[PDB]
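Colleague: First the structure, which I've put down as C-alpha coordinates, then a few questions once you've had a look.
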Protein chains: 2
Amino acid sequence: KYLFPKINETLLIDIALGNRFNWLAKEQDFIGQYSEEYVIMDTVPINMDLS
Amino acid sequence: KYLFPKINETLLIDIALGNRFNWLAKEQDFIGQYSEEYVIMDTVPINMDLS
(Lines give C-alpha, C1' and ligand atoms only; values in the text may rest on other atoms or scores of the structure.)
Protein backbone atom coordinates (compact mmCIF):
# COMPACT_ATOMS: atom_id res chain seq x y z
CA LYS A 1 0.00 0.00 0.00
CA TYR A 2 2.94 2.43 -0.31
CA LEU A 3 3.93 2.28 -4.00
CA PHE A 4 3.13 4.83 -6.68
CA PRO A 5 0.40 3.73 -9.14
CA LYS A 6 1.83 2.42 -12.36
CA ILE A 7 0.51 2.50 -15.91
CA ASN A 8 -0.30 -0.72 -17.73
CA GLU A 9 -0.57 0.92 -21.15
CA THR A 10 -1.10 4.27 -22.79
CA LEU A 11 -3.09 4.05 -26.00
CA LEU A 12 -3.03 6.61 -28.78
CA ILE A 13 -6.38 6.23 -30.52
CA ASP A 14 -5.63 7.41 -34.06
CA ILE A 15 -8.60 7.20 -36.44
CA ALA A 16 -7.73 7.53 -40.13
CA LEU A 17 -10.30 10.08 -41.29
CA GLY A 18 -10.85 9.87 -45.03
CA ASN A 19 -12.04 12.22 -47.75
CA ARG A 20 -14.69 10.35 -49.70
CA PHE A 21 -14.06 12.45 -52.84
CA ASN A 22 -10.32 11.72 -53.01
CA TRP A 23 -10.58 9.54 -56.13
CA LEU A 24 -11.78 12.61 -58.06
CA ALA A 25 -8.68 14.63 -57.20
CA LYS A 26 -6.49 15.31 -60.18
CA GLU A 27 -3.08 16.79 -59.53
CA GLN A 28 -1.73 19.81 -61.37
CA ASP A 29 1.65 21.57 -61.30
CA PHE A 30 0.48 24.75 -59.44
CA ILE A 31 1.41 27.05 -62.31
CA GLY A 32 -0.74 29.90 -63.53
CA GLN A 33 -4.08 30.54 -61.94
CA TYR A 34 -6.93 30.20 -64.47
CA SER A 35 -8.30 26.83 -65.54
CA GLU A 36 -10.73 26.93 -68.43
CA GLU A 37 -12.70 24.28 -70.26
CA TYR A 38 -14.70 23.98 -73.44
CA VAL A 39 -16.86 21.56 -75.41
CA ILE A 40 -17.90 21.28 -79.05
CA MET A 41 -21.53 22.10 -79.76
CA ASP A 42 -23.79 19.72 -81.67
CA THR A 43 -24.23 19.84 -85.43
CA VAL A 44 -26.84 17.22 -86.34
CA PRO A 45 -26.12 15.13 -89.47
CA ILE A 46 -28.18 16.28 -92.42
CA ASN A 47 -29.59 14.50 -95.44
CA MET A 48 -27.74 15.01 -98.70
CA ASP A 49 -29.49 15.97 -101.92
CA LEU A 50 -27.93 16.02 -105.36
CA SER A 51 -29.84 19.07 -106.65
CA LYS B 1 -34.22 -63.25 -17.56
CA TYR B 2 -31.52 -63.48 -14.85
CA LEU B 3 -28.69 -61.25 -16.13
CA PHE B 4 -27.83 -57.76 -14.95
CA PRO B 5 -28.80 -54.99 -17.40
CA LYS B 6 -25.89 -53.82 -19.47
CA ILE B 7 -25.05 -50.43 -20.96
CA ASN B 8 -24.83 -50.00 -24.71
CA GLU B 9 -23.14 -46.58 -24.52
CA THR B 10 -22.60 -43.69 -22.18
CA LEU B 11 -22.53 -40.35 -23.95
CA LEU B 12 -20.90 -37.21 -22.62
CA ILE B 13 -22.77 -34.36 -24.30
CA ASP B 14 -20.18 -31.57 -24.36
CA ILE B 15 -21.37 -28.37 -26.02
CA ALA B 16 -18.63 -25.87 -26.88
CA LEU B 17 -20.08 -22.64 -25.52
CA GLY B 18 -18.50 -19.62 -27.19
CA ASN B 19 -17.96 -15.98 -26.28
CA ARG B 20 -19.17 -13.95 -29.24
CA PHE B 21 -16.88 -11.02 -28.35
CA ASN B 22 -13.67 -13.08 -28.29
CA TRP B 23 -12.24 -11.50 -31.46
CA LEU B 24 -12.11 -8.16 -29.62
CA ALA B 25 -9.93 -9.53 -26.83
CA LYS B 26 -6.45 -8.10 -26.83
CA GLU B 27 -3.91 -9.69 -24.54
CA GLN B 28 -1.70 -7.73 -22.18
CA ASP B 29 1.14 -8.75 -19.86
CA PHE B 30 -0.78 -8.24 -16.54
CA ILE B 31 1.63 -5.57 -15.29
CA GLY B 32 0.56 -2.37 -13.60
CA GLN B 33 -3.09 -1.63 -13.14
CA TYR B 34 -4.10 1.58 -14.95
CA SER B 35 -4.75 1.67 -18.69
CA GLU B 36 -5.20 5.13 -20.16
CA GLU B 37 -5.93 6.40 -23.63
CA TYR B 38 -5.88 9.68 -25.48
CA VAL B 39 -6.68 11.25 -28.83
CA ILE B 40 -5.58 14.42 -30.63
CA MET B 41 -8.21 17.12 -30.90
CA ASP B 42 -9.12 18.72 -34.22
CA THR B 43 -7.44 21.83 -35.57
CA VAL B 44 -9.20 22.73 -38.82
CA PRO B 45 -6.94 23.87 -41.71
CA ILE B 46 -7.03 27.62 -42.16
CA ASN B 47 -6.61 29.87 -45.16
CA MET B 48 -3.27 31.61 -45.49
CA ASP B 49 -2.96 35.32 -46.16
CA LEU B 50 0.23 37.17 -47.03
CA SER B 51 -0.60 40.37 -45.13
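In the C-alpha coordinates, chains take letters A, B, ... by order of appearance, with residues numbered from 1 within each chain and ligands from 1 in the order shown.
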For a quick test of understanding: name the residues of chain A lying within 7 Å of chain B when counting only C-alpha atoms, and present them as a list in words.

Modeller: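 The selection requested is residues 6, 7, 8, 9, 10, 11, 12, 13 and 14 of chain A.
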
Colleague: Quick check for you: according to DSSP on this backbone, which residues of chain A are classed as strand (DSSP E)? Reply as a short mmCIF file (atom, residue, chain, number, x, y, z; two decimals) with N, CA and C atoms, in the first residue's frame.

Modeller:
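And here's out-v1.cif as it stands now:
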data_model
loop_
_atom_site.label_atom_id
_atom_site.label_comp_id
_atom_site.auth_asym_id
_atom_site.auth_seq_id
_atom_site.Cartn_x
_atom_site.Cartn_y
_atom_site.Cartn_z
N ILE A 7 1.32 2.57 -14.70
CA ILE A 7 0.51 2.50 -15.91
C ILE A 7 0.72 1.16 -16.61
N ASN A 8 -0.38 0.48 -16.92
CA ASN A 8 -0.30 -0.72 -17.73
C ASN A 8 0.01 -0.37 -19.18
N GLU A 9 -0.80 0.49 -19.78
CA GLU A 9 -0.57 0.92 -21.15
C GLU A 9 -1.05 2.35 -21.30
N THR A 10 -0.51 3.03 -22.30
CA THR A 10 -1.10 4.27 -22.79
C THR A 10 -1.37 4.09 -24.28
N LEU A 11 -2.56 4.48 -24.71
CA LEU A 11 -3.09 4.05 -26.00
C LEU A 11 -3.47 5.27 -26.82
N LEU A 12 -2.66 5.59 -27.82
CA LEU A 12 -3.03 6.61 -28.78
C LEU A 12 -4.10 6.06 -29.70
#

Colleague: Least-squares superpose chain A onto chain B - every C-alpha atom, paired in order - and show me the moved coordinates as a PDB file with N, CA and C atoms, in the first residue's frame.

Modeller:
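Here's the written file superposed.pdb:
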ATOM      1  N   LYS A   1     -33.584 -64.157 -18.504  1.00  0.00           N
ATOM      2  CA  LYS A   1     -34.218 -63.247 -17.561  1.00  0.00           C
ATOM      3  C   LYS A   1     -33.489 -63.134 -16.230  1.00  0.00           C
ATOM      4  N   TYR A   2     -32.217 -63.513 -16.131  1.00  0.00           N
ATOM      5  CA  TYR A   2     -31.523 -63.480 -14.852  1.00  0.00           C
ATOM      6  C   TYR A   2     -30.203 -62.724 -14.902  1.00  0.00           C
ATOM      7  N   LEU A   3     -29.922 -62.011 -15.986  1.00  0.00           N
ATOM      8  CA  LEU A   3     -28.686 -61.254 -16.126  1.00  0.00           C
ATOM      9  C   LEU A   3     -28.882 -59.799 -15.726  1.00  0.00           C
ATOM     10  N   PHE A   4     -27.792 -59.171 -15.318  1.00  0.00           N
ATOM     11  CA  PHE A   4     -27.829 -57.764 -14.949  1.00  0.00           C
ATOM     12  C   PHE A   4     -27.885 -56.912 -16.215  1.00  0.00           C
ATOM     13  N   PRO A   5     -28.647 -55.818 -16.193  1.00  0.00           N
ATOM     14  CA  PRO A   5     -28.803 -54.985 -17.399  1.00  0.00           C
ATOM     15  C   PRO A   5     -27.524 -54.264 -17.757  1.00  0.00           C
ATOM     16  N   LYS A   6     -27.196 -54.271 -19.041  1.00  0.00           N
ATOM     17  CA  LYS A   6     -25.887 -53.822 -19.468  1.00  0.00           C
ATOM     18  C   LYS A   6     -26.019 -52.608 -20.376  1.00  0.00           C
ATOM     19  N   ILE A   7     -25.031 -51.730 -20.289  1.00  0.00           N
ATOM     20  CA  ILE A   7     -25.051 -50.434 -20.956  1.00  0.00           C
ATOM     21  C   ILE A   7     -24.529 -50.573 -22.377  1.00  0.00           C
ATOM     22  N   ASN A   8     -25.303 -50.067 -23.336  1.00  0.00           N
ATOM     23  CA  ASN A   8     -24.826 -49.996 -24.709  1.00  0.00           C
ATOM     24  C   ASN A   8     -23.765 -48.914 -24.852  1.00  0.00           C
ATOM     25  N   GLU A   9     -24.090 -47.686 -24.458  1.00  0.00           N
ATOM     26  CA  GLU A   9     -23.144 -46.585 -24.521  1.00  0.00           C
ATOM     27  C   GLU A   9     -23.427 -45.633 -23.372  1.00  0.00           C
ATOM     28  N   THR A  10     -22.413 -44.864 -23.004  1.00  0.00           N
ATOM     29  CA  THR A  10     -22.602 -43.685 -22.176  1.00  0.00           C
ATOM     30  C   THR A  10     -22.024 -42.499 -22.935  1.00  0.00           C
ATOM     31  N   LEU A  11     -22.778 -41.410 -22.988  1.00  0.00           N
ATOM     32  CA  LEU A  11     -22.528 -40.349 -23.954  1.00  0.00           C
ATOM     33  C   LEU A  11     -22.369 -39.024 -23.229  1.00  0.00           C
ATOM     34  N   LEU A  12     -21.137 -38.548 -23.128  1.00  0.00           N
ATOM     35  CA  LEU A  12     -20.901 -37.205 -22.622  1.00  0.00           C
ATOM     36  C   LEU A  12     -21.309 -36.198 -23.683  1.00  0.00           C
ATOM     37  N   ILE A  13     -22.379 -35.457 -23.424  1.00  0.00           N
ATOM     38  CA  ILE A  13     -22.767 -34.359 -24.300  1.00  0.00           C
ATOM     39  C   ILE A  13     -21.991 -33.125 -23.863  1.00  0.00           C
ATOM     40  N   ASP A  14     -21.000 -32.732 -24.655  1.00  0.00           N
ATOM     41  CA  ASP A  14     -20.175 -31.569 -24.357  1.00  0.00           C
ATOM     42  C   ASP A  14     -20.389 -30.528 -25.444  1.00  0.00           C
ATOM     43  N   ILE A  15     -21.077 -29.448 -25.096  1.00  0.00           N
ATOM     44  CA  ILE A  15     -21.372 -28.365 -26.021  1.00  0.00           C
ATOM     45  C   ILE A  15     -20.320 -27.284 -25.834  1.00  0.00           C
ATOM     46  N   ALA A  16     -19.666 -26.900 -26.925  1.00  0.00           N
ATOM     47  CA  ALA A  16     -18.629 -25.872 -26.885  1.00  0.00           C
ATOM     48  C   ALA A  16     -19.300 -24.508 -26.872  1.00  0.00           C
ATOM     49  N   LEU A  17     -19.479 -23.952 -25.679  1.00  0.00           N
ATOM     50  CA  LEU A  17     -20.081 -22.638 -25.522  1.00  0.00           C
ATOM     51  C   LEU A  17     -19.049 -21.567 -25.847  1.00  0.00           C
ATOM     52  N   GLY A  18     -19.431 -20.608 -26.682  1.00  0.00           N
ATOM     53  CA  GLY A  18     -18.504 -19.619 -27.188  1.00  0.00           C
ATOM     54  C   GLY A  18     -18.869 -18.206 -26.773  1.00  0.00           C
ATOM     55  N   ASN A  19     -17.835 -17.407 -26.519  1.00  0.00           N
ATOM     56  CA  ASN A  19     -17.959 -15.979 -26.283  1.00  0.00           C
ATOM     57  C   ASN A  19     -17.950 -15.281 -27.628  1.00  0.00           C
ATOM     58  N   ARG A  20     -19.027 -14.583 -27.943  1.00  0.00           N
ATOM     59  CA  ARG A  20     -19.169 -13.948 -29.243  1.00  0.00           C
ATOM     60  C   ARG A  20     -18.245 -12.745 -29.403  1.00  0.00           C
ATOM     61  N   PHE A  21     -17.763 -12.169 -28.307  1.00  0.00           N
ATOM     62  CA  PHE A  21     -16.876 -11.018 -28.347  1.00  0.00           C
ATOM     63  C   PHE A  21     -15.406 -11.390 -28.209  1.00  0.00           C
ATOM     64  N   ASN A  22     -15.032 -12.629 -28.533  1.00  0.00           N
ATOM     65  CA  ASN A  22     -13.669 -13.083 -28.291  1.00  0.00           C
ATOM     66  C   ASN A  22     -12.678 -12.491 -29.282  1.00  0.00           C
ATOM     67  N   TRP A  23     -13.130 -12.100 -30.468  1.00  0.00           N
ATOM     68  CA  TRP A  23     -12.244 -11.503 -31.457  1.00  0.00           C
ATOM     69  C   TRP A  23     -11.871 -10.063 -31.128  1.00  0.00           C
ATOM     70  N   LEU A  24     -12.495  -9.465 -30.115  1.00  0.00           N
ATOM     71  CA  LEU A  24     -12.106  -8.156 -29.616  1.00  0.00           C
ATOM     72  C   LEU A  24     -11.014  -8.222 -28.570  1.00  0.00           C
ATOM     73  N   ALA A  25     -10.755  -9.399 -28.019  1.00  0.00           N
ATOM     74  CA  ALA A  25      -9.932  -9.530 -26.827  1.00  0.00           C
ATOM     75  C   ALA A  25      -8.466  -9.372 -27.186  1.00  0.00           C
ATOM     76  N   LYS A  26      -7.893  -8.233 -26.824  1.00  0.00           N
ATOM     77  CA  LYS A  26      -6.452  -8.095 -26.829  1.00  0.00           C
ATOM     78  C   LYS A  26      -5.869  -8.874 -25.658  1.00  0.00           C
ATOM     79  N   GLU A  27      -4.565  -9.071 -25.681  1.00  0.00           N
ATOM     80  CA  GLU A  27      -3.915  -9.695 -24.543  1.00  0.00           C
ATOM     81  C   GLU A  27      -2.741  -8.849 -24.090  1.00  0.00           C
ATOM     82  N   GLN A  28      -2.733  -8.522 -22.810  1.00  0.00           N
ATOM     83  CA  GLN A  28      -1.703  -7.725 -22.181  1.00  0.00           C
ATOM     84  C   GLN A  28      -0.747  -8.632 -21.413  1.00  0.00           C
ATOM     85  N   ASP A  29       0.141  -8.022 -20.631  1.00  0.00           N
ATOM     86  CA  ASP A  29       1.136  -8.746 -19.857  1.00  0.00           C
ATOM     87  C   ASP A  29       0.822  -8.819 -18.366  1.00  0.00           C
ATOM     88  N   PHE A  30      -0.310  -8.247 -17.933  1.00  0.00           N
ATOM     89  CA  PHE A  30      -0.778  -8.238 -16.542  1.00  0.00           C
ATOM     90  C   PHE A  30       0.274  -7.615 -15.619  1.00  0.00           C
ATOM     91  N   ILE A  31       0.542  -6.338 -15.889  1.00  0.00           N
ATOM     92  CA  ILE A  31       1.631  -5.572 -15.294  1.00  0.00           C
ATOM     93  C   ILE A  31       1.155  -4.141 -15.126  1.00  0.00           C
ATOM     94  N   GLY A  32       1.215  -3.630 -13.907  1.00  0.00           N
ATOM     95  CA  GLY A  32       0.564  -2.375 -13.602  1.00  0.00           C
ATOM     96  C   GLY A  32      -0.933  -2.584 -13.499  1.00  0.00           C
ATOM     97  N   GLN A  33      -1.645  -1.496 -13.238  1.00  0.00           N
ATOM     98  CA  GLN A  33      -3.089  -1.630 -13.138  1.00  0.00           C
ATOM     99  C   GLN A  33      -3.907  -0.549 -13.814  1.00  0.00           C
ATOM    100  N   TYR A  34      -3.322   0.519 -14.334  1.00  0.00           N
ATOM    101  CA  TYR A  34      -4.102   1.579 -14.954  1.00  0.00           C
ATOM    102  C   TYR A  34      -3.786   1.651 -16.437  1.00  0.00           C
ATOM    103  N   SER A  35      -4.812   1.455 -17.254  1.00  0.00           N
ATOM    104  CA  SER A  35      -4.750   1.672 -18.688  1.00  0.00           C
ATOM    105  C   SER A  35      -5.350   3.036 -18.979  1.00  0.00           C
ATOM    106  N   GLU A  36      -4.642   3.857 -19.737  1.00  0.00           N
ATOM    107  CA  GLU A  36      -5.204   5.126 -20.156  1.00  0.00           C
ATOM    108  C   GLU A  36      -5.134   5.236 -21.668  1.00  0.00           C
ATOM    109  N   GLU A  37      -5.856   6.215 -22.194  1.00  0.00           N
ATOM    110  CA  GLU A  37      -5.935   6.398 -23.629  1.00  0.00           C
ATOM    111  C   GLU A  37      -6.166   7.868 -23.922  1.00  0.00           C
ATOM    112  N   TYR A  38      -5.789   8.278 -25.127  1.00  0.00           N
ATOM    113  CA  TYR A  38      -5.877   9.683 -25.479  1.00  0.00           C
ATOM    114  C   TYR A  38      -5.959   9.819 -26.986  1.00  0.00           C
ATOM    115  N   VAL A  39      -6.545  10.927 -27.421  1.00  0.00           N
ATOM    116  CA  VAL A  39      -6.682  11.252 -28.833  1.00  0.00           C
ATOM    117  C   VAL A  39      -6.002  12.585 -29.073  1.00  0.00           C
ATOM    118  N   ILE A  40      -6.050  13.077 -30.302  1.00  0.00           N
ATOM    119  CA  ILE A  40      -5.577  14.415 -30.626  1.00  0.00           C
ATOM    120  C   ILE A  40      -6.773  15.194 -31.144  1.00  0.00           C
ATOM    121  N   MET A  41      -7.036  16.346 -30.540  1.00  0.00           N
ATOM    122  CA  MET A  41      -8.208  17.124 -30.901  1.00  0.00           C
ATOM    123  C   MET A  41      -8.010  17.833 -32.235  1.00  0.00           C
ATOM    124  N   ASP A  42      -9.132  18.118 -32.894  1.00  0.00           N
ATOM    125  CA  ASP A  42      -9.119  18.715 -34.219  1.00  0.00           C
ATOM    126  C   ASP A  42      -8.623  20.150 -34.214  1.00  0.00           C
ATOM    127  N   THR A  43      -7.785  20.461 -35.198  1.00  0.00           N
ATOM    128  CA  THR A  43      -7.442  21.829 -35.567  1.00  0.00           C
ATOM    129  C   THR A  43      -7.698  21.959 -37.060  1.00  0.00           C
ATOM    130  N   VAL A  44      -8.752  22.677 -37.424  1.00  0.00           N
ATOM    131  CA  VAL A  44      -9.197  22.733 -38.822  1.00  0.00           C
ATOM    132  C   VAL A  44      -8.181  23.520 -39.646  1.00  0.00           C
ATOM    133  N   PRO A  45      -7.876  23.103 -40.879  1.00  0.00           N
ATOM    134  CA  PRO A  45      -6.939  23.871 -41.705  1.00  0.00           C
ATOM    135  C   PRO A  45      -7.490  25.236 -42.055  1.00  0.00           C
ATOM    136  N   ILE A  46      -6.622  26.234 -42.000  1.00  0.00           N
ATOM    137  CA  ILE A  46      -7.032  27.617 -42.161  1.00  0.00           C
ATOM    138  C   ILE A  46      -6.428  28.172 -43.436  1.00  0.00           C
ATOM    139  N   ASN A  47      -7.108  29.166 -43.996  1.00  0.00           N
ATOM    140  CA  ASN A  47      -6.606  29.871 -45.161  1.00  0.00           C
ATOM    141  C   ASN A  47      -5.361  30.655 -44.781  1.00  0.00           C
ATOM    142  N   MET A  48      -4.441  30.785 -45.725  1.00  0.00           N
ATOM    143  CA  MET A  48      -3.271  31.610 -45.492  1.00  0.00           C
ATOM    144  C   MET A  48      -3.430  32.941 -46.209  1.00  0.00           C
ATOM    145  N   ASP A  49      -2.943  33.998 -45.574  1.00  0.00           N
ATOM    146  CA  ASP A  49      -2.958  35.323 -46.160  1.00  0.00           C
ATOM    147  C   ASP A  49      -1.597  35.959 -45.952  1.00  0.00           C
ATOM    148  N   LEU A  50      -1.134  36.674 -46.971  1.00  0.00           N
ATOM    149  CA  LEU A  50       0.229  37.165 -47.033  1.00  0.00           C
ATOM    150  C   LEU A  50       0.366  38.579 -46.490  1.00  0.00           C
ATOM    151  N   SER A  51      -0.548  39.003 -45.627  1.00  0.00           N
ATOM    152  CA  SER A  51      -0.597  40.373 -45.132  1.00  0.00           C
ATOM    153  C   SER A  51      -0.762  40.387 -43.621  1.00  0.00           C
TER     154      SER A  51
END
